[PDB]
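Take a look at the structure below.
Please note: Cβ atoms are built from the backbone with ideal geometry, for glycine as well, and neighbour counts cover all protein chains shown. Each answer follows from the model by the rule given with it, or from the source it names; no laboratory read-out is quoted.
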There are 2 protein chains.
Amino acid sequence: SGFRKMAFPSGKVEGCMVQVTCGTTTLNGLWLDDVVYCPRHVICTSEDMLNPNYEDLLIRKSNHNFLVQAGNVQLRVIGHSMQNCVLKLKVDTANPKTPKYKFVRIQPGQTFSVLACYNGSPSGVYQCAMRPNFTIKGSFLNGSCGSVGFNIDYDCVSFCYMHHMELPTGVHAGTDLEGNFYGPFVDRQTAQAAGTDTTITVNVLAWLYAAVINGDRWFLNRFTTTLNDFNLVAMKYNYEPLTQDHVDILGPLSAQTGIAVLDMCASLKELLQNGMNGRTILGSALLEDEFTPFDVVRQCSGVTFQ
Amino acid sequence: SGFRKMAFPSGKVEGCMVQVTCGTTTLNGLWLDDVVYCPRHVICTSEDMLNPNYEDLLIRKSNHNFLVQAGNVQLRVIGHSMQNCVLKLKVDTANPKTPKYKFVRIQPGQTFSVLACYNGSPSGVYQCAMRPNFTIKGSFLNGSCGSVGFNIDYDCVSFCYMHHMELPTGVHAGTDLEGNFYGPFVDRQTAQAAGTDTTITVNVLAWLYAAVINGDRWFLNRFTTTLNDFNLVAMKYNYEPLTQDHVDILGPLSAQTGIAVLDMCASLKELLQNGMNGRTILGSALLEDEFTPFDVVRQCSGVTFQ
Ligand SMILES: *[C@@H](O)C(=O)N(c1cncc(Cl)c1)c1cccc(-c2cccc(Cl)c2)c1
Ligand SMILES: *[C@@H](O)C(=O)N(c1cncc(Cl)c1)c1cccc(-c2cccc(Cl)c2)c1
């Protein structure tokens, strides 16, 4: 038992992290087969970043302008191109540590592990959710650009996130690995801001099920509620609407705990209207919304990866 | 910016995880050079576990009674011995993925990353603190025995924890890698229980500094307090005493934020007496105590490992 914010083992991703330097800018790249992926703003100066014409900036670059360091081994760049907001640096060596991988784009509400790196060296791993407003509440300092977010499904790494920038509220914006930003953000220095967030309702419910599985039951009650009546309450507290598909996704957790989804919704309703009254749930005094139903099942059942 | 419960990259440890089977019991082992370390209760039946004579149980075992699987490769056991509560299985192959390592025993209040595994396969990684009562609030299901806890210092893995068992409150007890239990726990089935815990005061203060570094300041005030007067309050709220060494350890954080340690103590005092009044700190409605001053500096400054 127990419930933790658990990231995937990061080894398979660690073997892909490289250092990409262009001019005075150093950040992280992702080395898969003979390509290194990195944020295209690596080719920018500070003055460039205020109105960058990246096509202009890149045509003025040569392969030798890109220093790629894989550990203490320099990778010779033999080709470069832009794909949306990422650079693809073709290198003369295929990464022998390339895992089976996919580039997948995730949905707000889904979670992933972030391997934070600096200078191509992994620093830490932690679990993130894609907020409804397409930001992530990460932990990133200068030089973390190019750190990737990922999930692991058996032996296959699904890369979903590459870190590009921090927004003024301290949240983080980035792209999928095809270079397409999550949310309405651009890789230049504008006054862009996150935009209002909501709480991921289906995740809160999943975590309430995790709590029940782990012996926290004080928030249960005999009441039930209809989906519509719950969603009236969700709207009032800035929770996103619960759909029948969410209810279906919560079925397994419902069946394992014996608590009907709508019954758990009634419990969430009371938690929203009454607060927690000095009590905690799974060591939290807040309703946690960064565990998906899959995360709960994985952790409260015990799936591994090889 | 941002602050997350961050574990160390787990790759170096993943390459050491193996599956140890003895009879019908399967758990995880740690394969370093030509030794596999695992909980000695692997040699137990259920009936054995109620009054085990492990010396008796082990003398009745042979090398061939231990099936060690490193991935899809079977490691031939050529020797076995007990060291306290761990088994040392000598295998005919040195682990080519052996990192530089040390076996270190940690102090309550210190943190570490846990690589949760099942059947020798890494499942997830998360950050744990050694509670003052020598338990850890982990996430472990049946079959996680032998998962290890560790820290990484540049390129060297300091193994500090091997998981043995779950206590009746759902917290976890284990040994250091020399087989010596953390806390007053034994690897048999008794009525052992965790014993009362306290909150790790120096860690809470460190996290308050992390909050200030990350822009949460609402809990600051102009008041100060003496160490003695703070400790009178710490005692009342089941916080452990703050020492001058803690104050010294907090010096760097104090200097970076400009908030005197004793001033932050006055803030903690008010947080304890008044609660948080509907506000949060670093996304928590509770005072977080599983970040050490080192964890905060590492994350709020950006140290990596290679
Ligand atoms: C990489 O340079 C980097 O990691 N930056 C960073 C990312 N996340 C958090 C923090 Cl605190 C820093 C970084 C540093 C300077 C500028 C930028 C940046 C500004 C505007 C647009 C983009 Cl794509 C990047 C990012
Ligand atoms: C390994 O068997 C295992 O991982 N066990 C376990 C550990 N942590 C949490 C949970 Cl839910 C299970 C496990 C399973 C059965 C028995 C024991 C056990 C009982 C008494 C003493 C010891 Cl050392 C172990 C542990």
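Of all residues in region B:262-302, which are surrounded by fewer than 15 Cβ atoms within 10 Å (Cβ to Cβ) and over 19 Å from B:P241 (Cβ atoms)? Talk me through it step by step, then tell me what you get.
So in region B:262-302, the residues surrounded by fewer than 15 Cβ atoms within 10 Å (Cβ to Cβ) come out as B:273-275, B:277-280, B:301.
B:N274, B:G275, B:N277, B:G278, B:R279, B:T280, B:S301, listed by residue number.
Going by the conditions given, is A:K5 assigned to a helix (DSSP H, G or I) and either within 14 Å of chain B (Cβ to nearest Cβ) or without any contact (Cβ under 8 Å) to a residue 24 or more places away in the chain (or both)? Don't jump to the end; show me each part of the working.
On the way: assigned to a helix (DSSP H, G or I): no; either within 14 Å of chain B (Cβ to nearest Cβ) or without any contact (Cβ under 8 Å) to a residue 24 or more places away in the chain (or both): yes.
In short, no.
Can A:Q110 be described as touching a residue at least 12 places away in the same chain (Cβ under 8 Å), within 13 Å of chain B (Cβ to nearest Cβ), away from ligand 1 (no atom under 16 Å from the Cβ) and closer than 18 Å to A:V202 by Cβ?
For A:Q110, the condition - touching a residue at least 12 places away in the same chain (Cβ under 8 Å), within 13 Å of chain B (Cβ to nearest Cβ), away from ligand 1 (no atom under 16 Å from the Cβ) and closer than 18 Å to A:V202 by Cβ - is not met.
Scan the helices (runs of 4 or more DSSP H) fully inside region B:214-271 and keep the ones with 1 or more residues being in contact (Cβ under 8 Å) with a residue 12 or more places away in the chain and farther than 30 Å from A:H172 by Cβ.
Working: elements: B:227-236, B:244-249, B:251-257.
Because the criterion is at least 1 residues that are in contact (Cβ under 8 Å) with a residue 12 or more places away in the chain and farther than 30 Å from A:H172 by Cβ, the helices (runs of 4 or more DSSP H) in region B:214-271 that meet it are B:227-236, B:244-249.
From (1) within 13 Å of ligand 1 (Cβ to nearest atom); (2) polar (S, T, N, Q); (3) under 27 Å from A:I249 (Cα atoms), pick out the condition that doesn't hold for A:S123.
Unmet for A:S123, out of (1) within 13 Å of ligand 1 (Cβ to nearest atom); (2) polar (S, T, N, Q); (3) under 27 Å from A:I249 (Cα atoms): (3).
Can we say A:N151 is surrounded by 15 or more Cβ atoms within 10 Å (Cβ to Cβ), closer than 21 Å to A:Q107 by Cα, away from ligand 1 (no atom under 16 Å from the Cβ) and without any contact (Cβ under 8 Å) to a residue 24 or more places away in the chain?
On the way: surrounded by 15 or more Cβ atoms within 10 Å (Cβ to Cβ): yes; closer than 21 Å to A:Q107 by Cα: yes; away from ligand 1 (no atom under 16 Å from the Cβ): yes; without any contact (Cβ under 8 Å) to a residue 24 or more places away in the chain: no.
So A:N151 fails the test.
Give the residue, chosen from B:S121, B:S113, that is crowded, with 24+ Cβ neighbours inside 10 Å and polar (S, T, N, Q).
On the way: B:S121 fails: crowded, with 24+ Cβ neighbours inside 10 Å.
Residue meeting the stated conditions: B:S113.
For region A:181-199, indicate whether the set of residues that are more than 22 Å from the chain's Cα centre (by Cα), assigned to a helix (DSSP H, G or I) and either in the same structural domain as A:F8 (by CATH) or crowded, with 19+ Cβ neighbours inside 10 Å (or both) is non-empty.
no
If I ask for residues that are within 14 Å of another protein chain (Cβ to nearest Cβ), out of contact with any helix residue (DSSP H, G or I) (no Cβ under 7 Å at 6 or more places or on another chain) and in a strand (DSSP E or B), which ones from region B:8-57 would you list?
B:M17, B:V18, B:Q19, B:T26, B:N28
Could you tell me how many of the residues in region B:168-226 are in contact with a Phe, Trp or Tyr (Cβ under 8 Å, 6 or more places away or on another chain), within 14 Å of chain A (Cβ to nearest Cβ) and within 13 Å of ligand 2 (Cβ to nearest atom)?
Summing the residues that are in contact with a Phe, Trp or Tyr (Cβ under 8 Å, 6 or more places away or on another chain), within 14 Å of chain A (Cβ to nearest Cβ) and within 13 Å of ligand 2 (Cβ to nearest atom) in region B:168-226 gives 3.
Determine, yes or no, whether B:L287 is touching a residue at least 24 places away in the same chain (Cβ under 8 Å) and assigned to a helix (DSSP H, G or I).
No, not satisfied.
A:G143 - would you say it is within 14 Å of another protein chain (Cβ to nearest Cβ) and near ligand 1 (Cβ under 8 Å from one of its atoms)?
Numbers: within 14 Å of another protein chain (Cβ to nearest Cβ): yes; near ligand 1 (Cβ under 8 Å from one of its atoms): yes.
Yes; evaluated as a whole, the condition is true for this residue.
When you check A:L57 against the structure, is it surrounded by 19 or more Cβ atoms within 10 Å (Cβ to Cβ) and either hydrophobic (A, V, I, L, M, F, W, C) or within 30 Å of A:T198 (Cβ to Cβ) (or both), yes or no?
Against the criterion (surrounded by 19 or more Cβ atoms within 10 Å (Cβ to Cβ) and either hydrophobic (A, V, I, L, M, F, W, C) or within 30 Å of A:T198 (Cβ to Cβ) (or both)), A:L57 does not qualify.
Of all residues being within 18 Å of A:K137 (Cβ to Cβ) and polar (S, T, N, Q) in region A:268-300, which is farthest from the other protein chains (Cβ to nearest Cβ)? Just the residue, please.
Looking at residues that are within 18 Å of A:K137 (Cβ to Cβ) and polar (S, T, N, Q), I get A:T292.
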